[PDB]
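Counted the way the entry's author numbering counts, the sequence shown spans residues 10 to 414. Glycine is no exception: its CB is placed at the ideal position from the N, C-alpha and C atoms.
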Amino acid sequence: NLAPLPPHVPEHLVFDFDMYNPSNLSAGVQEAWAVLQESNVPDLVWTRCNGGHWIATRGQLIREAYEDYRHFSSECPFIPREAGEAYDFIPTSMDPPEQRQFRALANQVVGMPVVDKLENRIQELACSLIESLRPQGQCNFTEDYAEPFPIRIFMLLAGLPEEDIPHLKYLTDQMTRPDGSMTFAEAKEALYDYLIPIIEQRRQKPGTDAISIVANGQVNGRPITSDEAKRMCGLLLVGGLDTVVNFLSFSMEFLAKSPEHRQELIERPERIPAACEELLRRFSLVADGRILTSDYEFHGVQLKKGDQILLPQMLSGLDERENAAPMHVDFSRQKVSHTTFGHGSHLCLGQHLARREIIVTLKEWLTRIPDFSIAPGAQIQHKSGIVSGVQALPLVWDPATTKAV
Ligand code: HEM
Ligand SMILES: CC1(C)[C@@H]2CC[C@@]1(C)C(=O)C2
Ligand SMILES: [K+]
Ligand SMILES: [K+]
């Protein structure tokens, strides 16, 4: 239902969009959000859904907002407000200048140098998974590849038992697309309860895994506390278990429905990296936000202290004012404009690991299973939230057309 419209919010700016169940979801999640960019929708609207909040609908405002951390603080980054207030992950819940000392350490565990160190293993897993699937001539992509491929890689980096994935993934999903069985606060606490004993164990017997590095690391010269390590490790876990998983599904669904695009990569493998970026734009999937630190007039709209504003990273690249024919996938698009990995001081620290996982996937899959389609009659269903995803993606193919490496 709709929260009563606050006195300061203009009546004509109301557009009741529900980020957890957009009305046009059946056409595809990106399409559902794109309705916010239809001809008569303002640059900044107010939805009375989920407690009521602002929504920047165009890249120009989304980028500005993300750059102005003074006015748009990440202290309360999630909608609804309850989730946003319980949200205390490091470094994501902090703004510069305090954010930096913590972001630096986090960059040390998932940055480019670590990704290069994971190249071999990422490659090996990708190939083992696809080869095992190749002869079967079918698969449930979300559970057969999208989830295990990137999640196992992350669990390897964090030195955590794979058998722990079911629980952690369940908790992460409740924070991004809650089924209603758990509030953000409850899911966060379970995530923290899980980490506490591990963090203590690794601060005693330091390992080389991401968790040991964080728990035994320093923050601009001084030792990090147990609580800080917990708040950071929990964030790393959430970031490594949802985004790449669902992005791969969006990309492969598209590829399964587009033979011509598959051929382009088949005949022109050098384009895979470029295709990666275009897909990252077209199937952008996250949308979190900021909270107003003080009353502030933004693009002619009076925003009040405390007001929450959703700044959909997903919307920038879909904005027709940033890319012509935005909904069209063009692997040759001259200037791929987007904010898929965020924008500002919080730019995705795992974007390098993500790009690597995406390119290796496209490369290794197309090489062994160049021809595949979506299971006949299958009605693909998307789900919306802080991170949007694909519920299921049944693929099929003729093993005869496949190739073993
Ligand atoms: C396609 C995949 C990915 C997408 C689209 C994505 C997107 C995002 C976005 C939009 C933000 C910033 C949100 C904000 O400003 O509040 C972000 C931050 C972050 N991401 Fe990702 N991400 C991806 C993969 C990864 C991976 C693999 C990791 C690894 C753990 C990761 C780690 C992080 C971290 C640590 C931050 C917080 C940075 C900070 O707060 O300064 N991300 N990501
Ligand atoms: C918006 C995000 C993708 C980013 C990493 C996990 C996530 C859900 C956060 O809370 C910060
Ligand atoms: K009003
Ligand atoms: K908070």
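What whole-angstrom Cβ distance do residue i and residue j have, given they're in contact under 8 Å?
i	j	result
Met184	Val247	6 Å
residue 421	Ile208	No answer is possible for residue 421: the residues shown for the chain start at 10 and end at 414.
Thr151	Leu402	5 Å
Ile233	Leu371	That pair is no contact at about 37 Å.
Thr348	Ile71	6 Å
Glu171	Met164	5 Å
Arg377	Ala413	7 Å
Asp77	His308	No, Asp77 and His308 are not in contact; Cβ-Cβ is about 12 Å, not under 8 Å.
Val396	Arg186	7 Å
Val345	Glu287	6 Å
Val228	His270	Their Cβ separation, rounded to whole angstroms, is 45 Å, which puts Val228 and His270 out of contact at 8 Å.
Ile99	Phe111	5 Å
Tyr29	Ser393	6 Å
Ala92	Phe193	4 Å
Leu245	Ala219	7 Å
Between residue i and ligand 6, is there a pair consisting of the residue's CB and a ligand heavy atom that are separated by less than 6 Å?
i	result
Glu94	With respect to ligand 6, the structure offers nothing, as its ligand set consists of ligand 1, ligand 2, ligand 3 and ligand 4.
Where residue i and residue j are concerned, what is the direct C-alpha to C-alpha distance, given to the nearest angstrom?
i	j	result
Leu114	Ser83	19 Å
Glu373	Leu134	10 Å
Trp406	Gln46	37 Å
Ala296	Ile383	27 Å
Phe81	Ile300	5 Å
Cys85	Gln145	46 Å
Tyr96	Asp251	17 Å
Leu11	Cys58	5 Å
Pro206	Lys178	19 Å
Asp173	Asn149	21 Å
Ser235	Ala224	7 Å
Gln213	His355	31 Å
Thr101	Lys266	36 Å
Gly386	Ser260	19 Å
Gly120	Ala363	10 Å
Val118	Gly230	17 Å
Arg365	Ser293	17 Å
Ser32	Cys285	29 Å
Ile131	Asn332	32 Å
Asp316	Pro268	46 Å
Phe24	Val310	15 Å
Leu274	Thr411	16 Å
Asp328	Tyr201	37 Å
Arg79	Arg109	15 Å
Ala283	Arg277	11 Å
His17	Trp55	11 Å
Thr217	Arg211	10 Å
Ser325	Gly37	17 Å
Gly243	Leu204	7 Å
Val369	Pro215	31 Å
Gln147	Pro379	13 Å
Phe340	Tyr305	40 Å
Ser303	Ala74	14 Å
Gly351	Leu142	34 Å
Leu312	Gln400	36 Å
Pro15	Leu22	12 Å
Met241	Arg161	19 Å
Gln390	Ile139	24 Å
Tell me which residue opens and which closes the beta strand (DSSP E) that residue i is part of.
i	result
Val18	First-last for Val18: undefined, no H or E at that position.
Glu306	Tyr305 to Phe307
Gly61	First-last for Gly61: undefined, no H or E at that position.
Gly298	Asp297 to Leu301
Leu312	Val310 to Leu312
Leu53	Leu53 to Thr56
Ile208	Run containing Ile208: none in the beta strand (DSSP E); it sits in the alpha helix (DSSP H), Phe193 to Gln213.
Which first and last residues belong to the alpha helix (DSSP H) in which residue i is found?
i	result
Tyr78	Run containing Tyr78: none; DSSP gives neither H nor E here.
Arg161	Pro157 to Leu166
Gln322	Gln322 to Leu327
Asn149	It is not in any alpha helix (DSSP H) - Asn149 instead sits in the beta strand (DSSP E) that spans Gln147 to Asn149.
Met241	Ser235 to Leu250
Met184	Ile174 to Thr185
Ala224	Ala219 to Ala224
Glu273	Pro268 to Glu276
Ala333	First-last for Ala333: undefined, no H or E at that position.
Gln39	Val38 to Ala43
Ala283	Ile281 to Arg291
For a minimum of 4 consecutive residues, which ranges assigned as the alpha helix (DSSP H) are wholly contained in the region 357–409?
Entirely contained in the region 357–409, the alpha helix (DSSP H) runs reaching 4 residues are, in chain order, 360–377.
Can you list every residue whose CB sits closer than 7 Å to some heavy atom of ligand 3, going in chain order?
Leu14, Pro15, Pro16, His17, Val18, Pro19 and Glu20
Tell me the start and end of each unbroken alpha helix (DSSP H) in the region 84–136 that is at least 4 residues and wholly inside, in chain order.
90–95 and 107–119
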